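Alright, here's a single protein chain in two forms, structure 1 and structure 2, each given by itself as structure tokens.
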Structure 1
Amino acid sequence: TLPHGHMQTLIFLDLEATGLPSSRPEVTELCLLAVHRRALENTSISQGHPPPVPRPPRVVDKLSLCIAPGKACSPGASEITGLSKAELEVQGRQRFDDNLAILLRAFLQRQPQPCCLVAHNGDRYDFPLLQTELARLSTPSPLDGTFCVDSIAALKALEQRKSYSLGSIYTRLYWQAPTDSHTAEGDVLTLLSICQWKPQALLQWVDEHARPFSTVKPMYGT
């Protein structure tokens, strides 16, 4: 008895932004990687020690975008993300605007439903912040029929002290350092690899814990 049925699409998501929550941050980068349930189930299962790092499914949809913020990145944010408001502006990046919502809506529409976003620390950071950015637009949110889960909770359950930083998890499971860029897409690819460690168990946990994105409280309001 699942709350919202079997999820047919998992969208691995990462957001980068200008700072930490009390700073009222703005998104500077966004990556979505949509995988069908069956592509995850077709991940080959490894019983060796260490398990090889899974490769991504052949069939994936990917969207990665840089976004000009209205406010400057903190020094810590620019160091960690490698992005700056000034550099995003000189490369002509656009704000989080109605055309971006058109793009997101059309990308989501290509995915079989029910669909669930999966983000590392999404419950405390990525999801509330995405909710805030979408709430500013006059466009109705394209995510109001989408579900979501936090992969920190997923991996805590799948593993049954331990750090739950993305890199710490990857190294604990695969016993090699992560090699992805430190970009939103690199973080999404590292998360996909972690989620392919026990893909059937991950899907089961996601099905049991999916909640409507419409219930995510905005990080901050107008």
Structure 2
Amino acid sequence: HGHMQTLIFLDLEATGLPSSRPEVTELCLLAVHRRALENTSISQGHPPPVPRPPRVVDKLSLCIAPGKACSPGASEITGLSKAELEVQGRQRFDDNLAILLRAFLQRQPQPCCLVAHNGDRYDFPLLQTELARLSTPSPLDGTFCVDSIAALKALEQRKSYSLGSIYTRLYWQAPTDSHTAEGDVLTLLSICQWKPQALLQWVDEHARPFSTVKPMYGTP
């Protein structure tokens, strides 16, 4: 349990929204030691400048071929499609991907905590569903997770708690590369660099094992 040593910012892109029984099309992890986060110094400004990511970070970004077509809306905003992913030789969500995730997580200082925007309702349940289809034991065993919407709400102290709304509320600039996995992870990181010590305290208190996350859907 806490204190959490590493925060792993997570974002998934997929074929659609949960009622559609979606499948992952892109995945990004950005791992940062809690020290790098608290070391961030939001410079003077009105609006405050967007902080640079810490120098020392681990990053993984992967495109994934789904077993079903993206919804038109999902394709439009992500810039991905099943057809393009296939011709670019992307592989399905498979055992080897699970091995990659575990190895990546395992070289992070422990314990780790996944951080995703609306994670409790989307990213974590969806990820649980994808992993459940595999033969590998869950690569996220021992890993914790929190939802940054819950975090940001509690840290205050609004019309919207969407990723973009929060970012703009803080920095009054548009996020870049929205609805791309890496783009959204970097945006989330910038938000979480605003008041890192308060965030880390909240994370330490509210982090729960990823293994407690119920799958989005069950594929009986």
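Structure 1 provides the reference sequence; residues are numbered from 1 along it. Here, rigid core means the biggest group of C-alpha atoms that superpose within 1.5 Å across both forms.
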With the two forms superposed on the core, which of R172, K62, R38, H182 shows a CA shift of 2 angstroms or more between structure 1 and structure 2?
-> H182
Core-fitted comparison between structure 1 and structure 2 - CA shift at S78, Å | 0.4
C-alpha positional change at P50 between structure 1 and structure 2 - rigid core reference, Å = 2.8
